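Reading the structure
For reference, the chains in residue letters:
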Amino acid sequence: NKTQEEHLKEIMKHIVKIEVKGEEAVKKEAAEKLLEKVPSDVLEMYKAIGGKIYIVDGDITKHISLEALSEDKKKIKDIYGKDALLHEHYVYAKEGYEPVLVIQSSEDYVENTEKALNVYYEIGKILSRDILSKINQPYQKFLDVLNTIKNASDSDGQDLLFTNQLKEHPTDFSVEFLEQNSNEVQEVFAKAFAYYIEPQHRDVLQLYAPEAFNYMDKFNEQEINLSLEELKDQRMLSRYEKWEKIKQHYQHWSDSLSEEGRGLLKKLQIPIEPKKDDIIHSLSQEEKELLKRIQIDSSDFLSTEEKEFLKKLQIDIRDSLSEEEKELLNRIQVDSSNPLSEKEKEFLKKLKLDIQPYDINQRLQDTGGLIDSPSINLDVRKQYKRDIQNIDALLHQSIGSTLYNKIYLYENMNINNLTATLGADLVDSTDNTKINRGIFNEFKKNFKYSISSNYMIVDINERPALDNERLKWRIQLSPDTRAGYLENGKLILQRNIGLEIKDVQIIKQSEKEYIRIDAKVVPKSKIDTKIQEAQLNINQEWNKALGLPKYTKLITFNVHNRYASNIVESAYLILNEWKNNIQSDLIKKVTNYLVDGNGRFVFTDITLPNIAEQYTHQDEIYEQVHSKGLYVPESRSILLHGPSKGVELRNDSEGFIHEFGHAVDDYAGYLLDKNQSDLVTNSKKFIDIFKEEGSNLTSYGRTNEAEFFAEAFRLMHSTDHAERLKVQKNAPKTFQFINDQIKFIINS
Amino acid sequence: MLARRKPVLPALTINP
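X-ray crystallography is the method the PDB entry states for this structure, with the resolution given as 3.90 Å.

1. Section: the pairing of strand 13 (residues 512-515) of chain A
Residues and elements named next belong to chain A. Pairing between strand 12 (residues 506-509) and strand 13: four bridges, direction antiparallel. When the bridges of strand 13 are listed, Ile507 appears paired with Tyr514. Two successive antiparallel strands, strand 12 and strand 13, enclose a turn made up of two residues, where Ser510 displays a positive phi of approximately 60°.

2. Focus: the sheet that holds strand 9 (residues 483-486) of chain A
One key point about sheets: their strands pair by backbone hydrogen bonds, in either a parallel or an antiparallel sense. Residues and elements named next belong to chain A. Strands sit in the order 7-10-9 across an open sheet of three strands; the sheet is antiparallel. Across the chains shown, the open sheet's two edge strands, defined by having one partner strand only, are strand 7 (456-459) and strand 9. With strand direction ignored, the average angle separating the axes of adjacent strands in the sheet is 25°. Bridge analysis of strand 7 against strand 10 (residues 490-493) gives four bridges, and the strand direction is antiparallel. Paired with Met456 across the bridge in strand 10 is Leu493. Taken strand by strand, helix 11 (residues 239-255) contacts strand 9 and strand 10, and its axis lies near 105° from that of strand 9.

3. Details of the environment of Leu409 of chain A
Residues and elements named next belong to chain A. Along the chain, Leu409 falls in the loop between helix 18 (379-394) and strand 5 (411-413). Separated by 66 residues in the primary sequence, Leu409 and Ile475 have C-alpha atoms spaced 5.7 Å apart. Excluding its chain neighbours within four sequence positions, the residues that come into contact with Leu409 are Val458, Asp459, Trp473, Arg474, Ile475, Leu491 and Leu493.

4. Overview of the UniProt feature "binding site: Zn(2+)" in chain A
Residues and elements named next belong to chain A. Using the residue numbers shown here, the UniProt feature "binding site: Zn(2+)" corresponds to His658, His662, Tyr700 and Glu707. For the annotated residues, spread through 50 residues, the largest C-alpha to C-alpha distance comes to 13.3 Å, consistent with a single compact locus. Inspection of the secondary structure puts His658 in helix 27 (residues 653-667). Apart from the residues lying within four places of it in its own chain, the contact partners of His658 are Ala710, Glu711 and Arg714. Turning to its location among the elements, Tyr700 is positioned in the loop between helix 28 (684-693) and helix 29 (705-715). With sequence-adjacent residues up to four places away left out, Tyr700 is seen in contact with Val647, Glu707 and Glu711. For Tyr700, the side chain forms a polar contact with the side chain of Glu707, separated by 3.5 Å.

5. Points about the interface of chain A and chain B
Contacts between the two partners involve 17 residues from chain A, matched on the other side by twelve residues from chain B. Secondary structure elements with two or more residues in the side of chain A that touches chain B: helix 17 (342-354) and helix 19 (415-418) of chain A. Each residue belonging to the side of chain A that touches chain B can be placed in one class, and the counts come to three nonpolar, eight polar and six charged.

6. Quick word on the pattern of salt bridges
All names here are of chain A. Residues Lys472 and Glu462 are paired through a salt bridge, measuring 3.7 Å at the closest nitrogen-oxygen approach. In this pair, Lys472 sits in strand 8 (residues 471-473) while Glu462 sits in the loop between strand 7 and strand 8, placing the two residues ten residues apart along the sequence. The partner of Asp652 in a salt bridge is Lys628, with the nearest N and O atoms 2.6 Å apart. Linking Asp652 in the loop between strand 18 (637-641) and helix 27 with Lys628 in the loop between helix 26 (612-615) and strand 17 (631-632), this pair joins segments that are 24 residues apart in sequence.

7. Focus: the environment of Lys472 of chain A
Here the alpha-carbon distance between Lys472 of chain A and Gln397 of chain A, two residues 75 residues apart in the chain, equals 26 Å. With near-sequence residues (within four places) excluded, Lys472 of chain A lies in contact with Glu411, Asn412, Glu462, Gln509, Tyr514, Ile515, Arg516, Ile517 and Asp518 of chain A.

8. A word on the packing of aromatic side chains
All names here are of chain A. Ring geometry for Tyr196 against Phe213: centres 5.6 Å apart, planes inclined by 40°, an arrangement best described as tilted. With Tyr196 in helix 7 (residues 182-197) and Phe213 in helix 9 (residues 210-218), this pair connects stretches of sequence that are 17 residues apart. Ring geometry for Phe601 and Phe656: centres 5.3 Å apart, planes at 80°, overall edge-to-face. Of this pair, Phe601 sits in strand 16 (residues 601-604) while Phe656 sits in helix 27, and the two are 55 residues apart along the sequence. An aromatic cluster of three or more residues is present, and its members are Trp542, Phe557, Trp578, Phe601, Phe603 and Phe656. Lying over the aromatic face of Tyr139, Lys508 brings its terminal NZ or CZ to 5.3 Å of the ring centre.

9. Remarks on the sheet that holds strand 16 of chain A
Residues and elements named next belong to chain A. Strand order in the open sheet formed by four strands is 15-16-18-17, with mixed pairing between adjacent strands. Either end of the sheet is taken by a strand with one partner, and the two such strands are strand 15 (557-558) and strand 17. Where strand 15 meets strand 16, two bridges bridge the pair, whose relative direction is parallel. In the strand pairing of strand 16, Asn558 is matched with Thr604. This element, helix 27, spans strand 16, strand 17 and strand 18 of the sheet and lies at about 155° to strand 18.

10. Quick look at the UniProt feature "active site" in chain A
All names here are of chain A. Residues given the UniProt feature "active site" here are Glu659. As for its placement among the helices and strands, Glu659 is situated in helix 27. Those residues in contact with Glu659 that sit more than four places away from it in its chain are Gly629, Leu630, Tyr631 and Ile638.

11. Quick word on the packing of helix 4 (residues 141-148) of chain A against helix 9 of chain A
Residues and elements named next belong to chain A. One way to put it is that helix 4 packs onto helix 9 with a least axis distance of 7 Å and a crossing angle of 160°. When the interaxial angle is binned, helix 4 and helix 9 end up roughly antiparallel. Regarding helix 4 and helix 9, the two cross each other, and that crossing is left-handed. Where helix 4 abuts helix 9, its residues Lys141, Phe142, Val145 and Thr148 lie against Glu211, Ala212 and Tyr215. Grouping the constituent residues of the contact of helix 4 with helix 9 by class yields four nonpolar, one polar and two charged.

12. Section: the domain arrangement of chain A
All names here are of chain A. Assigned domains within chain A: domain 1 (1-220), domain 2 (235-269 + 357-522), domain 3 (275-354) and domain 4 (524-744). A straight line from the C-alpha centre of domain 1 to that of domain 2 covers 38 Å. Across the boundary between the two partners, domain 1 contributes eight residues, which contact nine residues of domain 2. Its residues assigned to classes, the side of domain 1 that touches domain 2 comprises four nonpolar, two polar and two charged.

13. Re the pairing of strand 18 of chain A
All names here are of chain A. Inspection of the sheet shows strand 16 paired to strand 18 by four bridges, in the parallel sense. The residue of strand 18 that forms the bridge with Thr604 is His641. Alignment of strand 17 against strand 18, held across two bridges, turns out to be antiparallel. Residue pairing for strand 18: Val632 is matched across the bridge by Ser637.

Rules and cut-offs
- Residue indices run from 1 on each chain, following the sequence as it is written; they may not match the entry's numbering, and residues absent from the coordinates are omitted.
- Each chain gets a letter, beginning with A, and each ligand a number, beginning with 1, in the order they are written.
- Only hydrogens and water are set aside; all other atoms, that is, all heavy atoms of the structure, feed into the side-chain values.
- Residues with missing side-chain atoms are left out of burial classes, side-chain pairs and their counts.
- Any two strands with at least two DSSP bridges between them are considered paired.
- Numbered from the N terminus, helices here are DSSP runs of H or I no shorter than four residues, and strands are runs of E no shorter than two.
- Note on definitions: angles span 0 to 180 degrees between N-to-C directions of axes, and those axes are lines fitted to C-alpha atoms, for helices only across the stretch in contact.
- Contacts are assigned to residue pairs with any non-hydrogen atoms lying within 4.5 Å of each other.
- UniProt positions are given in the numbering used here, feature names are shortened, and annotations may be inferred rather than shown by experiment.
- N or O atoms closer than or at 3.5 Å make up a polar contact, with two conditions inside protein: a donor-capable atom paired with an acceptor-capable one, and, for residues adjacent in sequence, both atoms drawn from side chains.
- Charged residues are taken to be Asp, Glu, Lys and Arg, nonpolar residues to be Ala, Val, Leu, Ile, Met, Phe, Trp, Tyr, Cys and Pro, and polar residues to be all remaining types, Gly included.
- By salt bridge we mean one thing: a side-chain nitrogen of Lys or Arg within 4 Å of a carboxyl oxygen of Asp or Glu.
- A pair of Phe, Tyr and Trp rings is counted when the ring centres sit within 6.5 Å of each other, with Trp represented by its six-membered ring. The angle between the planes then sorts it: under 30 degrees is stacked, over 60 is edge-to-face, the rest tilted.
- In this scheme, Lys NZ or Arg CZ marks a charge over a ring once it lies within 6 Å of the ring centre and within 35 degrees of the ring normal.
- For classification, angles of less than 35 degrees are called roughly parallel, those exceeding 145 degrees roughly antiparallel, those between 65 and 115 degrees roughly perpendicular, and all remaining angles oblique.
- What makes a crossing left-handed is the near helix being turned counterclockwise from the far one by less than a right angle; a clockwise turn instead makes it right-handed.
- Domain boundaries shown here were taken from an automatic or database domain assignment.

Have a look at this one:
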């Protein structure tokens, strides 16, 4: 990177106060060079804080700038630690309003390598307590480093940059420690910096200091770029400037448009709930009256949010004519002791559909882009299509203009959208401020590339997020990414975008902790690659152990939403846990029945009423199902939804092993027939097994002879022999049938 | 706000 990287890599000299000895043309040569070393940004990101670097001569405690003679503070503690007072020394950085440093003058800065470290030490402190503080200083990051090297094998690192305080202190540094100690860390941070910057010491550091290096490094040529910016967002007399500039460009676009246009550009911005009568007034005569007596709340199909909109879509009917409007309402709640109907489930199911919000974006992130998929109805289907097709061709302004450069947008969301299973424990649950490190890592671990299938709208300036919205993405779009400008201070940017998750620490935003999914865009093209190119290594690496024809397609992928970099890559643990607990001879034997009918282990992040391995082989749309777990005979394959947490399923792992077991209750159904495609569970020798002990293990234990087994077997496996043994003690009145069929399938 | 969450569940599949 050459050229202008000098105009804007020195011009910042607009802080270079040279009250230097009249003897012209030297010092600068020294000053310029002296400063050359210190990163470019980390200079400016000082200017925008009262830019001024005093380079005067001789007696320095004389210069106007230094008149606040804190004679007490005058006892200048030197970087090494040897006491010393102003007069003597040659460069004190005075703090406070319009912070400043007074670098002494002498052609001797190039050579002398000490008053070269100090001038860096200071200009570093002036970076740890000030600049890199108005953001929130070294938070969790520089903490670890700041400790892993406090308790590292070779008790030496410490020795380099610490004190009895930090060195002797018991265990290790813990967040809170950033309390009335920020006046110590800040220093250790400096020293670290102070070194890495100085030419010779980068070397001495590197070796003597493990992690200090890297952190202190990264952060100076690849990470700084940020701090400067997440510090421009702080000040605001620009926070607008940006806003303005970014509009300007996008402005002309916003001018000529249309109501129709600016219209759906809204239809998108906000859903459009169903209707009141129109919906109801669209049912049948028979359908209408059926809708009355429904025992309504009983089916775990209709979630509260919409369950209510149904009891309500009921009153708009009951609110009509004769007395039975008073009596049926009573005579109906009479035999209100029987759960539900089988001719009515549908009567509601077929509704569970039509009563849907229609957000051309909650049914886009619902099908990776399958705007053509049979998850919804026929015409609805054809709208989004018609629509998503228009908006697309609607947002067509490149971006990168003659105005703004590397510019990042933002967005906040909740870990419950990526991986709800971790959602639960994301935040401490015992400090609602402190994020549970534990589940933190588990999150970050495999998160390198995320893709948003849908239309992204983004806050163009860190906007404080809510209380459940806990992730703060600082995505860095790029020249050529297309978006729109939505007054409000928010940009909508096209469909199908790629994001290389290039860092994910955790910050402190106004007394509360936050996860920072800071990323950067890349082409989905380059992303889908990394997937299949991985969809293989999994298969191949599995086909072996499993024992199938090299080059088969068992574990198939389907990830399009924000957590592929773990949607897919997770798998490994899932499957690996499937093998581990069960007995080889089994799965090897059965994983074949399935493949014998070209079935898969579909790890998906879209929605089960969209995953192919189930919809064409479905039957009728009025039905669908969806969730973590799923089993489908018509296409004997396993569908496992990555995000969604489970109804008493501690994790993805234990949700699969179950589901698969459901396929086992399929084996017998063929390992015992020519054409009675049944399920070991659909037997008279089993119905009993169910109508006796079929309700003892847990909640799921019911609703279907089958699932009592799925969960039964699911249980017999537990990471701990306990949870399983319970099935033995509880109802061997099944715990035998399982093991019986197990060591019944292992052979043919 | 960007949720919905409970798209559906079983029955027994009900037809031939």
